[PDB]
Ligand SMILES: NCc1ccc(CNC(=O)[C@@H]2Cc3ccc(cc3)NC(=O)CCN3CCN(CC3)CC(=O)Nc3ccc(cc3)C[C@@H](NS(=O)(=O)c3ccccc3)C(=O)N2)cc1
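Only one chain is included here, represented as structure tokens and corresponding to the form deposited without the ligand.
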């Protein structure tokens, strides 16, 4: 009986001013997935959106078409030395977005056991445009530019920047389309690609966290004066629903 987007461990909620991010409270981002190689090395992030489905970036599956080449780790906080309670589930089927966007679906060969440390994130209604300045969080392990909290799950607070403004000449110069969204700072931002490719970007709504973006470094990484661009989940909801409904 675990409804999506409601962690059992309340998130640290790293201050926006902390552009370098914070180590997350363990298990406060219950849907955080870690995509792993055949041998067991984390290499990408993803989000649990149902017990049998994980939403990640197409870029993460570029090395192999075989589902058997991927296994997902759920309930983790450590990147290498996982806790014994961590769930490891092999991937049964892969589904890349039909129009070459950096988003893909992985079907778990076995349903995820929903626990207090493993809960699915909620999905936005089709074509919903998250409001300007909404507070969101990107989470993942990725490349820790520091070394403090290295190997552990981290988070960063990023406010959304409406496409109209993000596309201004001094910033993204009109390169951000409807299938994308910007979250971050226009000035005084960190210089680094945050999270894990395929990692989630969730924004709190009424009483739950909604997955509104997927991490894609190709779209653009945070820069001192440039916000990072994310794949807008809402434009692929109808597509995600179909695959889940036919597989």
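Residue numbers count along the first chain shown, from 1. Throughout, rigid core stands for the largest set of C-alpha atoms superposing within 1.5 Å between the two forms.
- Note: missing coordinates for residue 17 occur in a third or more of the other compared entries bracketing this position.
- The deposited model assigns a higher average Cα B-factor to 144-152 than to the other stretch when 79-87 and 144-152 are compared.
- Comparing 113-121 with 159-167, the stretch with the higher mean C-alpha B-factor in the PDB entry is 113-121.
- Of the candidates 34, 56, 178, 64, the deposited coordinates give 64 the top C-alpha B factor.
- Comparing the listed residues 215, 190, 28, 47, the entry records the largest Cα B-factor for 190.
- Residue-level temperature factors show residue 136 in the lowest third of its chain, judged at the C-alpha atom.
- The deposited CA B-factor of residue 185 belongs to the middle third of values across its chain.
- Residue 106: CA B factor lies in the middle third for its chain, per the PDB record.
- The PDB entry assigns residue 72 a C-alpha temperature factor belonging to the highest third of its chain's modelled residues.
- When the modelled residues of the chain are ordered by their C-alpha B factor, residue 210 lands in the lowest third.
Omitted here: the form solved in complex with the ligand. The next part is about that form.
- Using a 2.4 Å cut-off against backbone and C-beta atoms, the ligand, superposed onto this form from its pose in the deposited complex, places 3 or more atoms that close, and the site is blocked.
- Within 4.5 Å of any heavy atom of the ligand in the deposited complex lies no heavy atom of residue 53.
- Contact annotation for residue 219: at least one heavy atom lies within 4.5 Å of the ligand in the deposited complex.
- Looking at residue 191, you'd find a heavy atom of it within 4.5 angstroms of the ligand in the deposited complex.
- Contact check for residue 32: every heavy atom lies farther than 4.5 Å from the ligand in the deposited complex.
- In summary, among the residues 115, 92, 177, 87, the only one with a non-hydrogen atom within 4.5 Å of the ligand in the deposited complex is 177.
- With respect to the ligand in the deposited complex, the three residues 102, 215 and 228 uniformly fall within 4.5 angstroms at the level of their nearest heavy atom.
- Just a single entry of 49, 210, 61, 193 exceeds or equals a 2 Å CA shift between the shown form and the other one, which is 193 (rigid core superposed).
- In a rigid-core overlay of the protein, residue 30 has its C-alpha displaced by under 2 Å between the shown form and the other one.
- Annotation: residue 195/residue 127 CA-CA distance longer in the deposited complex than in the displayed model, change of at least 3 Å.
- Between residue 218 and residue 101, the Cα spacing is larger in the deposited complex than in the shown form, differing by no less than 3 Å.
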